[PDB]
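What follows is one structure encoded as structure tokens, with my remarks underneath.
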Amino acid sequence: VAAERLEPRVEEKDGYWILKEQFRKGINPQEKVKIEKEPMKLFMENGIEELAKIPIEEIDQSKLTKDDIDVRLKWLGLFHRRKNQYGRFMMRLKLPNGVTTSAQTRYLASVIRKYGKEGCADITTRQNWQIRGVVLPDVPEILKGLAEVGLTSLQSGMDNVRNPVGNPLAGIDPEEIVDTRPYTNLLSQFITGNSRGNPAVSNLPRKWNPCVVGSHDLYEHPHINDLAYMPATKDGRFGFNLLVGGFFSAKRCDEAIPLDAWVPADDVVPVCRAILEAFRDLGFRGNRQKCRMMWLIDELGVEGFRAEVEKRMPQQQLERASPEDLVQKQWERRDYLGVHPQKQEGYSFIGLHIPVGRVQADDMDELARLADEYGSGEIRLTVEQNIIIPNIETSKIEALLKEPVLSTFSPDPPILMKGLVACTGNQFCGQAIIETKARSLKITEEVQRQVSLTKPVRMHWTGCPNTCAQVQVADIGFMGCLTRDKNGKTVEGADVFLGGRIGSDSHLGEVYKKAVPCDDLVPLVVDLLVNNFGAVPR
Ligand code: SRM
Ligand code: SF4
Ligand SMILES: [Cl-]
Ligand SMILES: [Cl-]
Ligand SMILES: [K+]
């Protein structure tokens, strides 16, 4: 690989980072949007104030403003649902480690409540909140309200660093390796410039997913992140081995590979910065399907990429990976739903099932109430789109289990519900080929009526090949498609995936059977469960 390939392609200009003039040939349309106007100006120069005053029908009449609402606003965590909920915006937070407060939860509930049938909220597969129904004129006030309660929505979509995932049991599990909260907090603060915006990392060639591991269970899914910090002692010092480049896409799914690098715990932010700078400076910016960081790693080779990270470290120092990490390969992933003792004597946490991650305003208020009455006002989100309420005096558990809302958000739902994950789908998402959330609940309910089982089978439903619900990690995955019934009529269907494994012995699942009409999935799944997962007909 020639030395010319290593010339940084972006430069700092007036506080923002822009593609150099000589590197603008052949770029994709999204890169052109970013050049035409810097998205971060909508927040950092308060461009949103005047934009929000323009009626949406007028906004749609010019490319600049249409691109503002459809593309640039994703830098402020705002996602126009143009096709399926025109004029309304989904809003996505930064929520490092999935940690929320009751006050924050009530604030979010109050926002969605205003929008009635157009409002609701969802827990995401990055243990994050999304709210729905937002209208553009309300955006300035919502941004202010979020800041007031200690939340940010910065840099949560498009070509940005996504929600930093950690251990949902951080600080409370007797069996944790290291509390991930300080690290995911530091990452989020770095990424967002302490909630002011950080232009140095907001002009990436593509999205980029980070996680910090603190569990033997690998709840954080390090194998499918762009950067995963694996806890490891090296020469008597605590730090992290680094895995890089994991990603899913329609075209290609790849597990993260070792960078062959270890950093002391205090170098978490420095190395995140170095890797992001290398990606920003050097990544391809053509075909959007070839812009994720792994494509750069393949182009330079992992050693070539490593050298680019190393030169961007303070004092240009980057140690080689530790021979061993702290994650024990002898491990059985633990159920976190239900009541579990914390490492703090006399305290428990409770994991509650949130059916397909969907809540209404009234539900959010009730969960916030529980957190205040029983816990410490904390609600934690999980990547299976469930919740944990920590820090509950164990003597209160008996009373808690009698709370009416636990009949809906149960500490012990049927086993297939415990493992069920589903993306937004076509209720709101314009890319979706099928409806996911309602369908997945219906099918799972019917399947569990027919068979009992003891193996914790994990079923993931995703609405299109973007695979936001990670079907490649599932025991049984369902990817939306259109197919045909016996009469040749168009019907919703799924491509069925098998082979996904998580934890230390991870593996990416692959298509097993294409184009199954959704109305025909129940018998197929019942038989798969009996034949491959020890299920017994009722
Ligand atoms: C909400 C969420 C699914 C969920 O129900 O939980 C989601 C929802 C969407 N994803 Fe995703 N993705 C979600 C996690 C993921 C993940 C899973 C993960 O991070 O572990 C992936 C696969 C892993 C990965 O990225 O490597 C994922 C891969 C995509 C892709 C394909 C990326 C690619 O390289 O091709 C797109 C499309 C794109 O970016 O070009 C996408 C695009 C989208 C958009 C923004 C598409 C669009 O604007 O409508 C979806 C918004 C729908 C809506 O209204 O909610 N989403 N998306 C997740 C939000 C996570 C968060 O809080 O930040
Ligand atoms: S997998 Fe497809 S349908 Fe589901 S949220 Fe992602 S982009 Fe939308
Ligand atoms: Cl996006
Ligand atoms: Cl859309
Ligand atoms: K769930």
Side-chain angles (χ1 to χ4, degrees), residues 28-43 47-93 111-112 114-122 124-125 128-143 153-160 162 202 206-207 249-250 288-289 291 357-358 422-438 462-469 480-482 492:
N28 60 243
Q30 291 63 44
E31 294 290 324
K32 295 179 185 176
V33 170
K34 294 185 291 187
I35 289 164
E36 284 155 10
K37 188 173 65 166
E38 167 55 53
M40 291 297 293
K41 291 181 177 182
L42 287 168
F43 187 88
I48 188 57
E49 182 174 293
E50 285 305 308
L51 177 63
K53 296 178 183 181
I54 310 166
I56 191 167
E57 322 305 351
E58 185 181 339
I59 285 172
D60 282 356
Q61 291 184 250
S62 90
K63 188 192 187 289
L64 185 71
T65 50
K66 195 175 180 183
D67 285 345
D68 276 345
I69 65 159
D70 282 11
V71 183
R72 302 196 183 88
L73 269 181
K74 293 169 180 169
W75 273 256
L76 281 65
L78 287 153
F79 297 73
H80 182 26
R81 309 295 68 199
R82 174 170 297 277
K83 192 182 91 173
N84 285 169
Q85 201 189 19
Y86 178 81
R88 304 304 182 116
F89 294 78
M90 173 275 279
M91 195 175 204
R92 179 189 292 172
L93 305 183
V111 174
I112 63 167
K114 186 189 176 176
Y115 304 123
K117 73 183 176 183
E118 305 297 343
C120 63
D122 289 287
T124 79
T125 55
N128 198 5
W129 279 117
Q130 292 184 166
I131 59 170
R132 305 185 183 277
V134 174
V135 297
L136 190 60
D138 286 349
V139 165
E141 189 66 22
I142 294 162
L143 291 168
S153 62
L154 277 168
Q155 294 165 57
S156 64
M158 282 296 288
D159 303 343
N160 283 115
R162 307 308 187 80
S202 65
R206 212 65 162 80
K207 70 183 294 187
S249 67
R288 289 283 279 193
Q289 304 188 245
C291 291
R358 170 61 49 78
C423 80
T424 307
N426 77 358
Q427 185 178 7
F428 302 108
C429 182
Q431 318 218 31
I433 301 169
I434 68 164
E435 200 288 320
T436 50
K437 293 206 174 197
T462 216
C464 79
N466 288 336
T467 197
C468 302
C481 66
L482 293 189
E492 292 187 316

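These numbers come from the heavy atoms of this one structure, side chains and all, not from hydrogens, waters or symmetry mates. One-based numbering along the sequence shown.
Environment of CD in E141: sparse, with no more than 12 heavy atoms of neighbouring residues, nucleotides or ligands closer than 6.0 Å. In this structure, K83 places its NZ atom where more than 12 heavy-atom neighbours from other residues, nucleotides or ligands lie under 6.0 Å away.
Between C423 and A469, the shortest heavy-atom contact is N-CB, 3.6 Å. The shortest non-hydrogen separation linking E50 to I54 is O-CG1, 3.6 Å. In this structure, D70 and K74 approach most closely via the heavy-atom pair O-NZ, 3.1 Å. Nearest heavy-atom pair across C464 and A432 is CB-CA, 4.3 Å. Nearest heavy atoms, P137 versus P140: O-CD, 3.6 Å. The two residues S153 and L76 make their nearest non-hydrogen contact at OG-O, 2.7 Å.
A donor-acceptor contact under 3.5 angstrom links the side chains of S62 and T65, judged on distance only. Between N84 and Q427, the side chains place no donor N or O within less than 3.5 Å of an acceptor N or O (distance only, hydrogens not considered).
Between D67 atom CG and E36 atom CD the span is 6.5 Å, to the nearest 0.5 Å. Rounding to the nearest 0.5 Å places CD of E492 at 9.5 Å from SG of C481. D68 contributes atom CG, which lies 12.5 Å from atom NZ of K66 (distance to the nearest 0.5 angstrom). Expressed to the nearest 0.5 Å, how far OG of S156 lies from CD of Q130 amounts to 8.0 Å.
With sequence neighbours excluded, the residues satisfying salt bridge (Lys or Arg N to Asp or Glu O under 4.0 Å) with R358 are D122. Listed by chain and number, the residues in a side-chain hydrogen bond (donor to acceptor under 3.5 Å, both in side chains) with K117 amount to none (sequence neighbours excluded). Residues passing the side-chain hydrogen bond (donor to acceptor under 3.5 Å, both in side chains) test with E49, sequence neighbours excluded: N46. Evaluation of the salt bridge (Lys or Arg N to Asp or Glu O under 4.0 Å) rule for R288 yields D159 as partners, not counting sequence neighbours. Partners of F89 by ring-ring contact (aromatic ring centres under 6.0 Å, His included), not counting sequence neighbours, listed by chain and number: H80. Scored by the salt bridge (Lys or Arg N to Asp or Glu O under 4.0 Å) test, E31 finds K34, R285 as partners (sequence neighbours excluded).
Of the possible polar contacts, one joining the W75 side chain to the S202 backbone as a donor-acceptor pair under 3.5 Å is found. Side-chain atoms of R81 come within 3.5 Å of backbone atoms of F79 as a donor-acceptor pair (strictly under, hydrogens ignored). The closest donor-acceptor contact from the side chain of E435 to the backbone of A438 lies under 3.5 Å.
Residues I131 and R92 form no side-chain contact, since every pair of their non-hydrogen atoms from C-beta on lies 4.5 Å or further apart. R88 places none of its side-chain heavy atoms less than 4.5 Å from the side chain of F428. Side chains of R72 and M158 form no contact here, defined as non-hydrogen atoms less than 4.5 Å apart. With a 4.5 Å cut-off on side-chain heavy atoms, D138 and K114 count as touching. Counting only heavy atoms from C-beta outward, the side chains of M40 and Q155 approach each other to under 4.5 Å. Residues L154 and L143 form no side-chain contact, since every pair of their non-hydrogen atoms from C-beta on lies 4.5 Å or further apart. Side-chain contact between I56 and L136 is absent, with no heavy atoms from C-beta onward closer than 4.5 Å. Side-chain contact between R132 and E118 is absent, with no heavy atoms from C-beta onward closer than 4.5 Å.
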Take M90 and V134 through the side-chain contact (heavy atoms from CB on, under 4.5 Å) test and state the conclusion after the steps. CA-CA 7 Å; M90 173 275 279; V134 174; over 6 Å; no
Using the rule given for side-chain contact (heavy atoms from CB on, under 4.5 Å), can you reason through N426 versus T436, listing the C-alpha separation, both sets of side-chain angles and the distance that settles it, and then say yes or no? CA-CA 7 Å; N426 77 358; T436 50; over 6 Å; no
Note to self: Could you go through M91 and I142, starting from their C-alpha distance and side-chain angles, then the distance that decides it, and tell me whether this counts as side-chain contact (heavy atoms from CB on, under 4.5 Å)?
What the structure shows: CA-CA 10 Å; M91 195 175 204; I142 294 162; 3.7 Å; yes
Show the numbers, then the answer: is there a side-chain contact (heavy atoms from CB on, under 4.5 Å) between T424 and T124? CA-CA 9 Å; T424 307; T124 79; over 6 Å; no
